[PDB]
Each structure stands twice: as C-alpha cells, then as structure tokens.
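The structure under discussion appears below in the form of structure tokens.
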Amino acid sequence: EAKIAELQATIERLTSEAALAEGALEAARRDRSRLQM
Amino acid sequence: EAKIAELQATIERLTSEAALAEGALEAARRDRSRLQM
Amino acid sequence: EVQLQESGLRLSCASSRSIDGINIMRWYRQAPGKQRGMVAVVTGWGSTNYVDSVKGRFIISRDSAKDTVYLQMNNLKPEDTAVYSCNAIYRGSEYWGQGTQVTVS
Amino acid sequence: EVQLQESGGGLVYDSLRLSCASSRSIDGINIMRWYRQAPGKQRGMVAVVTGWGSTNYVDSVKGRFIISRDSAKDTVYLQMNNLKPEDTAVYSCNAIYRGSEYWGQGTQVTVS
Amino acid sequence: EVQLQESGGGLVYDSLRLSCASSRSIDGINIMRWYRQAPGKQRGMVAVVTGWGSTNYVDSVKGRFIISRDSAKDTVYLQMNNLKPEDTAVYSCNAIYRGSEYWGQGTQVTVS
Amino acid sequence: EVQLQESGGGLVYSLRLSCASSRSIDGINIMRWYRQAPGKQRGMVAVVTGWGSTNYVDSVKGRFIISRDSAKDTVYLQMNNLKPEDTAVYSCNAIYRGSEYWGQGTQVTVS
C-alpha cells in the first residue's frame, strides 16, 4: 500500500509537470509560429 | 537629334526597369510584412 | 484491446471496458492547421488538472459506473474552436478514438 | 510652384479616373509617375508617362490601368480600370522638372 | 529535504561521467532525471530513469547517453559519450519523491 | 551590342578594384556596376554616366568610388575601406538604345 501511494503521488507530479510543459510550449508554437509564418 | 533620341531611350528604359523593380520588390516587401509583422 | 468511442457544451467518451481499471486518461485538442495538443487530465484517483490555456475554462469528471469520462465546455471564446479527440493510456499503450470537432463561438 | 491636384474618392462595390493638375512649367513634361500608398504599407511608383508619350506601368497593375497625358490642359490622367478592392489606398501624383522632385497632396481611393 | 550532490567536470580535445548522490531516502525516488541548463536560455530534461530501470531519453541525445541507477551511492549514472562539444550546459539532476520535486545544484562540463 | 571586361581579385591589408569597357565609348549613358553575393539575387552598386554623374548604393559611400577614363574605352571603380562582405561575383554594364547589357564579373576577399 505504501508503494502504490508513493508511485501514485509520482503520477500526479508527472501529470502536472507535463501539463505545464504542454501549455508553455503550445504557447510557444502559437506565438513564434505566428511571428515566423 | 540623334543624341536626344538616345537619351530618350535611356530615360524610357530607366523608367521601365524602375517600374519592374518597384513592382516586384514591393510585392517582396508585402510578403515580408505579411509573414513577419 | 480497448476502444474509446466519442460522444458530444459537454462532451464524453466510453471505453471498451474496465473503467477505473483504466489508469491515466486525458483529452486532446486539434486546432486546424496545427499539430496535436493535450487538454485536460483525469486519473484513476480523480486527481485532475488542465492545461494553462483552458485552465479555469474546462471541467472534467469521471463516472465510475458507465465506463466513461466527461468534458464540459465552458464560457468558450471561439479561439478554442477545434477538433477534439479523447485519449487513454493502458499498460503502456496509446489509445485513440475517432474524436470530434467543435465550432466557432 | 508646380502644384498638383487630383480627383477621386467615394464608395463603390467599376472603373474611375484620377487627375494630376499641373500648375506651372506646363509641359515641363518628363516622368509623371503615380504613387500608391496603402495605410501602413509603403508608397510605390505605379504608372509612368515620360516626357514624350511612352508609358510603362508596374507589373502590379500591368495592363490593368491605362495612363494618358493630355496636354490640352496639361493634366496627366490615370484611367483607374476595373477596380477591385486592394487598390484602396491614397493615390497621388509625381513630377520631375529640372531634376527636382515634386509631390501631390494625395487622394483617397476606396473601392468595394 | 533530500539534498543532492553531483560530480563531473573537465576539458579534453568523446566520453565523461556525471552522477549525483541523494542525501537521504537512498533508493527512495521513483522518477529521477537530469536536465540540461544551457546559458541564458531556459532549462530542459536530458534523460530519465524510472524507479526500476527503464530509461527514456530526449531525442537530442538518444544513444549518446546512458542513464542508469546505482543504489550503492544512490548515484544514477548519467554517462556522457561521443559528446558533440557544442552540447555543453550546466547540469542539474532532479528527484521526484513523495510527490515533491527536489533540485540539484547544477554542473557545467565541456571538452574540445 | 557591347562587351565588358573587369579586374580586381585577391586580398590586401592597400585595396583594389576596377572594370573596363569595349565598344563605342562615350555613348556612356547609364553605365552601371552590379554585384552578386553568391546564392542571392542580382544587385546594382554604382552608377556613372557621361555627364559626370556620381551616385552609389547605400553601402558604398565611403567604401568606393566611380571613375571614367574616356581615353581607353573604360570606366573605373576603385574599392576603399576593406571589409570582407564585399566578396561576391560582379558585373559592370551600360545602356545603349535601352538594350540589356551584361558581362562576367570578378570576386573580392578577406583580411
């Protein structure tokens, strides 16, 4: 049970971090793809 | 008379090349504005 | 072997089987002339987050009973207009459906 | 000195004309070209009449407009032909006398 | 909080080594990953190790690095091989423990 | 109908350039230089005519000069103010009855 709790907390951490990356970098696509093409 | 005719020709061609240059390369600057501003 | 059929300011999908036996699943947004993009994330926990663009905007909810997940459109500005496709992850695999589109305004 | 007045304007959704009133040095005629300045966009020489009858336009309207110098009142004409929107801009007139540039006051063409 | 000490360094005219040891909870970290931190520009991951051995990498360095745990010193082994020397960057190693994220001190290496 | 010849290669730490001309000199209406950095479009640099005109491209004021020797059927352009970018393939033409006239060119250097 401790192992599943630990690994699950890591799952939320990865989910949040991946979301932040996706957001910032979709914004990067939007912005600089407009400034280029 | 000959030299005024020849100057006539040089002016007509300087205008012709000026027109070609201005048109084509203002289209080029139009592309510049559209795709980087 | 899982199938994710879509439906749908409120949109959903159904899995082949084993909801909540299905770990992490999320949804993706395909703006036209653009490449793939993640939207929002439900987990097996019900732990949830969104992407910054749709943060505050969209809301996502899981129904354990009828093998499904939910996305509800909110206060949409036409800019989000896109074709959406609901995704899931199962023992290390992709799982993509057919997806569906959303319109202006 | 060498003044330049024009015509043109007004709403439409086919062909029109614009003038270049010449004030003094009537038939100081040499390059009488016309310029096209869309707002924000930069000006550009469009259609030229030389001092002597030859006419080169620019490809951007090549074969579309018609230019004409009528020394009867010495006001060089531009036949704005078969208008389509994007020309909507300020148009003016230009002159060269004795190697000296001159500039009109500009007129607002608006089409479609 | 888990402290993190790192290693590495030098300068030669193809291979070098970098491993950071955690201060506590030895073998007590699911996802570990180093990030590259190039000057001026922002920071980005280079390679990962799960809690148990599998290792995804960044496309920029596939096959170029080996990342591998060592519970002996809790030093995941970020191995630099066949380095393209432009790829230099300050290197900080991350630890995701109990849902909390812990950052290293960064390390810069270059050769050639 | 004209022909065109030039000169001016190599690198010096002095500085050198010129061209020449062939046929029916002092029909020297617009007689102009050109320059092409490789893998770019054409480009006109300096223009000189029979009437002692002097005008240049926005880059070669200070950097250059036009000269016109009516004697040996030639026009001159002498580089000044070394800077390598001027390296390119060149040309040095003229206008006569308005006919497109063109030549071969030369190169420029570094250091």
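Note on the stretch E:1-52: residues that are under 12 Å from the mean Cα position of the chain (by Cα) and among the acidic types (D, E) total 1.
Which residues, counting only those in the stretch B:15-37, are among the aliphatic types (A, V, I, L, M) and either surrounded by 18 or more Cβ atoms within 10 Å (Cβ to Cβ) or more than 13 Å from chain F (Cβ to nearest Cβ) (or both)?
Restricting attention to the stretch B:15-37, the residues satisfying the condition of being among the aliphatic types (A, V, I, L, M) are B:18-21, B:24-25, B:27-28, B:35, B:37.
Within the stretch B:15-37, B:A19, B:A27, B:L35, B:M37 meet the criteria.
When the stretch C:96-105 is filtered for residues that are under 12 Å from the mean Cα position of the chain (by Cα) and more than 13 Å from C:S12 (Cα to Cα), only C:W96 remains. Restricting the stretch D:90-109 to residues that are small (G, A, S) and on the phi < 0 side of the Ramachandran plot leaves a set whose member that is surrounded by the fewest Cβ atoms within 10 Å (Cβ to Cβ) is D:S100.
Taking the stretch C:71-105 as the range and being farther than 18 Å from C:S53 by Cα and either of a type in the set (A, V, I, L, M) or in a loop (DSSP other than H, G, I, E, B) (or both) as the test, the residues that pass are C:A88, C:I89, C:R91, C:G92, C:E94, C:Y95, C:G97, C:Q98, C:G99. Within the stretch A:6-20, if we keep just the residues that are more than 19 Å from C:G37 (Cα to Cα) and β-branched (V, I, T), the residue that is nearest to the chain's Cα centre (by Cα) turns out to be A:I11. Residues of the stretch F:37-64 that are surrounded by fewer than 19 Cβ atoms within 10 Å (Cβ to Cβ) and either small (G, A, S) or in a strand (DSSP E or B) (or both): F:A37, F:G39, F:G43, F:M44, F:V47, F:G50, F:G52, F:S53, F:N55, F:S59, F:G62. Selection of the stretch A:1-12 for residues being within 7 Å of another protein chain (Cβ to nearest Cβ) and out of contact with any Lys or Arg (no Cβ under 9 Å at 6 or more places or on another chain) yields A:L7, A:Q8, A:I11, A:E12. A Cβ distance below 6 Å, combined with a sequence gap of six or more or placement on separate chains, defines the contacts here; from the stretch D:37-59, residues that are more than 7 Å from chain B (Cβ to nearest Cβ) reach residues that are small (G, A, S) and not in a loop (DSSP other than H, G, I, E, B) in the pairs D:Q37/D:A89; D:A38/D:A89.
For the stretch C:10-36, how many residues meet the condition of being more than 14 Å from chain A (Cβ to nearest Cβ) and not in a strand (DSSP E or B)? Summing the residues that are more than 14 Å from chain A (Cβ to nearest Cβ) and not in a strand (DSSP E or B) in the stretch C:10-36 gives 6.
When residues in the stretch D:65-80 are screened for being more than 19 Å from D:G9 (Cα to Cα) and within 14 Å of chain B (Cβ to nearest Cβ), 1 of them pass.
Got a number for residues in the stretch C:65-75 being surrounded by 16 or more Cβ atoms within 10 Å (Cβ to Cβ) and over 18 Å from C:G97 (Cα atoms)? Walk me through how you get there before you give the answer.
First, the residues of the stretch C:65-75 that are surrounded by 16 or more Cβ atoms within 10 Å (Cβ to Cβ): C:67-71, C:73.
Then drop every residue that is not over 18 Å from C:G97 (Cα atoms), which leaves C:73.
Total satisfying the criteria: 1.
Of the listed requirements (1) within 14 Å of chain B (Cβ to nearest Cβ); (2) under 22 Å from B:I11 (Cα atoms), D:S25 misses just one: (1). Pairs meeting the criteria (first residue in the stretch D:61-84 and among the small types (G, A, S), second residue assigned to a loop (DSSP other than H, G, I, E, B) and surrounded by fewer than 19 Cβ atoms within 10 Å (Cβ to Cβ), beta carbons under 8 Å, at least 6 apart or on different chains) are D:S71/D:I26; D:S71/D:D27. Looking at D:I96, is it within 12 Å of chain B (Cβ to nearest Cβ) and under 18 Å from D:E1 (Cα atoms)? For D:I96, the condition - within 12 Å of chain B (Cβ to nearest Cβ) and under 18 Å from D:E1 (Cα atoms) - is met. Being in contact with a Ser or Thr (Cβ under 7 Å, 6 or more places away or on another chain), acidic (D, E) and farther than 18 Å from B:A19 by Cα: is that true of D:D70 here? Spelling it out, it is not the case that D:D70 is in contact with a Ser or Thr (Cβ under 7 Å, 6 or more places away or on another chain), acidic (D, E) and farther than 18 Å from B:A19 by Cα.
Quick note: the coordinates plus some simple rules give every number you see, no bench work behind them. No Cβ is skipped: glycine too gets one built from the backbone with ideal geometry, and neighbour counts run over all protein chains shown.
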